[PDB]
Each structure stands twice: as structure tokens, then as C-alpha cells.
Amino acid sequence: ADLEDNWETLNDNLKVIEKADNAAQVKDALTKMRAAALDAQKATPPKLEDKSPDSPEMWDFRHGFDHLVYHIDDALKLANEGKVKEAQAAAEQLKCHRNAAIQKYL
């Protein structure tokens with residue numbers, strides 16, 4: 001899907017997590033965040049379309065989503081252990097990683 005769409009999918013699931021009461025709700029929203037991050041990693045922006053995959057511009061674009069996914073996975077470990085409030089605090093920190101991976105390419 002689009003980059004702006006995956007950005008919206010991440011923002012929608014972050015709100016679900018903030019309002020969640022149990023860990024299964026957080027785990028489901030984080031699961032969809034991980035898929036949207038790996039999907040946005042494929043949505044090379046038009047300004048970078050002709051760059052080689054080995055270019056530093058494509059390293060930066062790709063690895064921003066690697067970093068987001070890494071911490072989504074860490075949040076998923078907290079949700080799988082039933083730590084709702086801790087997983088919600090980790091999800092709140094995902095906002096900064098989301099911005100670092102997407103914002104300057106919109």
C-alpha cells in the first residue's frame with residue numbers, strides 16, 4: 001500500500017493501543033503495525049525510485065522501518081506476557097520511531 005496509508009494504519013493502531021484495556025487488544029494492534037511497517041518499507045518514495053538499493057539514501061529509508069519493526073517486536077514481547085500498561089508505554093515510544101522513519105518522506 002501507499003506510504004501515507006501505512007502512516008495512517010500506524011496512527012490508527014497506536015490510538016487503539018492507547019485506549020486498550022487488555023493485552024490481546026494491544027497484541028492485535030501491534031501485529032497490524034508490524035505489517036504496515038514492513039509494507040511501508042516497500043513503498044519507495046518517488047524521489048528515491050531511481051536510487052540503487054545499495055545507495056545511502058535507500059539504506060536510510062529502509063533501515064528506519066527496520067528500527068520501527070525492532071521496537072514493535074519488543075512491544076509485542078510485553079503484550080504476549082500480559083503486561084498491558086508496559087506494552088502501552090512502549091507503544092507510546094513508537095511515535096518517535098514512526099516519525100523518524102516516515103515523516104521526511106511524505
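Heads up, the sequence shown is in the deposited numbering, so the first residue is 1 and it goes up one at a time.
Here a beta-carbon is modelled for each residue, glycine too, at the ideal position from N, C-alpha and C.
Let's see if you can read the secondary structure: which residues bound the alpha helix (DSSP H) around residue i?
i: residue 64; result: 56-80
i: residue 107; result: Residue 107 lies beyond the residue range present for the chain, which begins at 1 and ends at 106; the question has no answer from this structure.
i: residue 8; result: 3-19
i: residue 49; result: Where residue 49 is concerned, there is no enclosing alpha helix (DSSP H), given that its DSSP letter is neither H nor E.
i: residue 95; result: 84-102
So, for residue i: in the same chain, excluding its five sequence neighbours on each side, which residues have a beta-carbon less than 6 Å away from its beta-carbon?
i: residue 13; result: 29, 32, 33
i: residue 96; result: none
i: residue 76; result: 30
i: residue 101; result: 64, 65, 68
Identify, in the order they occur along the chain, each residue of the same chain with its Cβ nearer than 7 Å to the Cβ of residue i, setting aside the five sequence neighbours on each side.
i: residue 41; result: 62, 65
i: residue 79; result: 23, 26, 27, 30, 87
Cα-Cα, which of the options is closest to residue i?
i: residue 88; options: 71, 60, 37; result: 71
Can you list, in chain order, the residues of its chain whose CB lies under 8 Å from that of residue i, leaving out five sequence neighbours each side?
i: residue 45; result: 3, 61, 105
Does the count of Cβ pairs from the stretch 68-87 and the stretch 8-27 closer than 8 Å reach three?
Under the three-pair Cβ rule at 8 Å, the stretch 68-87 counts as touching the stretch 8-27.
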